[PDB]
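Okay, so here's just one chain, in structure tokens, the form solved without the RNA.
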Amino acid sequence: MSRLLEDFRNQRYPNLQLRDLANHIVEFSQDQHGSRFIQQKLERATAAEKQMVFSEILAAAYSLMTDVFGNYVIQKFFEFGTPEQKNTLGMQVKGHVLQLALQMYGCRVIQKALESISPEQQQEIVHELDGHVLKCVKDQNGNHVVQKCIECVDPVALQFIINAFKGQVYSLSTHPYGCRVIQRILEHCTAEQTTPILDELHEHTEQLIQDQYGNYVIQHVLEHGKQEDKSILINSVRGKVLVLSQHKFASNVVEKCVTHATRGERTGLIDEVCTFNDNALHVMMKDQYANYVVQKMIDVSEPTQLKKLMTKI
């Protein structure tokens, strides 16, 4: 522990300045108080303090980027650095994406870097994941990076990802981190780029509405997908509303079906209810899951509702 950092920590320098830290930038960045100090000083620092910090940080980049406290100095630097500094620092993030992407403070640096560097260099990082997609989509940190990349960066540039997902969409949509990346891809790539995702989602609609994660992916397509996708889906639920409504996860999807169904489709769903008596009562009304499905059916009709409030506890 250097003397300058010990004394800083002992509260010897109430008017310490960023220039006093020359040759101590790295060590202060890994310190709880030294970090906040440099983070607070960077906004209003000189071009000379900034270049000095940068140059010192550039020397131990990977280690600060993967550090609990160092990462915030790196990030601060992505905010206030210069274009050429951002980009030099960016080449470090790029060279180490594979580690880092899988690491808690590295998740944060990559995400900060994608929003701080020019566009060539954003693509250049995202494209370092080509060959390595599935492992970080399935990682506790790596999935956040893949979402960020999906968010930043042109859909045209996200093909290699649709491609790694081919043959993998059920395994991904059924994985706590993987689903999430599926749901992101659906929102940022066009309906026609993601057709291979939808192909596998329809193929397995059913195994998927009953999966703890999975049902979530099927709900997202219901609240945001194409009409036609919504309908193949809703149309898949027709004839099973009783059984599906008593499923812990599939009930989530029946609810969404009635909400986002079309007028024409909402009447056929609710109408499947205005039939049957062992099922109207006991089951539909009794069930801790299925009874919210009846409530949603109450929230969306009108002379049809009247026919239907023949339910009563």
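Numbering starts at 1 and follows the sequence shown. Rigid core: the largest C-alpha set superposing within 1.5 Å between the two forms.
The protein also exists as the form solved in complex with the RNA; that form is not presented, and the subsequent description refers to it.
Trainee: Only one of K230, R108, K94, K86 comes within 4.5 Å of the RNA in the bound PDB entry by heavy atoms, so just point that one out.
Mentor: Of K230, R108, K94, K86, the residue with a heavy atom within 4.5 Å of the RNA in the bound PDB entry is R108.
Trainee: Here the chain is shown alone; which of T275, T46, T262, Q32 has a heavy atom within 4.5 Å of the RNA in the bound PDB entry?
Mentor: Selected option: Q32.
Trainee: Spot the stretch among 193-201, 175-183, 152-160, 77-85 with residues whose non-hydrogen atoms come within 4.5 Å of the RNA in the bound PDB entry.
Mentor: Contact criterion met by 175-183 only.
Trainee: Should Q212 be counted as a contact of the RNA in the bound PDB entry, where contact means heavy atoms within 4.5 Å?
Mentor: Contact check for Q212: yes, within 4.5 Å of the RNA in the bound PDB entry.
Trainee: Mark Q295 yes when one of its heavy atoms lies within 4.5 Å of a heavy atom of the RNA in the bound PDB entry, and no otherwise.
Mentor: Contact with the RNA, yes.
Trainee: Taking the RNA as it sits in the bound PDB entry, is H282 near enough to touch it, meaning that at least one heavy atom pair lies within 4.5 angstroms?
Mentor: Because no heavy atom of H282 falls inside 4.5 Å of the RNA in the bound PDB entry, the answer is no.
Trainee: With the partner left out here, check for me: in the bound PDB entry, does some heavy atom of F249 sit within 4.5 Å of the RNA?
Mentor: Contact with the RNA, yes.
Trainee: Contact check in the bound PDB entry: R9, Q168 and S171 versus the RNA, with a cutoff of 4.5 Å between any heavy atoms. Do all three pass?
Mentor: Checked in the bound PDB entry: no contact with the RNA for any of the three.
Trainee: With the partner left out here, which residues of 272-298 have a non-hydrogen atom within 4.5 Å of the RNA in the bound PDB entry?
Mentor: Counting only heavy atoms within 4.5 Å of the RNA in the bound PDB entry, the contacting residues of 272-298 are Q288, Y289, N291, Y292, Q295.
Trainee: Is it true that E192 shifts between the shown form and the other one by 2 Å or more at the Cα, once the core is aligned?
Mentor: Comparing the forms between the shown form and the other one, which are aligned on their rigid core, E192 does shift its C-alpha by 2 Å or more.
Trainee: After the core is overlaid between the shown form and the other one, has the C-alpha of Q295 moved by 2 angstroms or more?
Mentor: For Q295, whose C-alpha is compared between the shown form and the other one after core superposition, the shift is less than 2 Å.
Trainee: Does the C-alpha of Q51 move 2 Å or more between the shown form and the other one once the rigid core is lined up?
Mentor: Yes.
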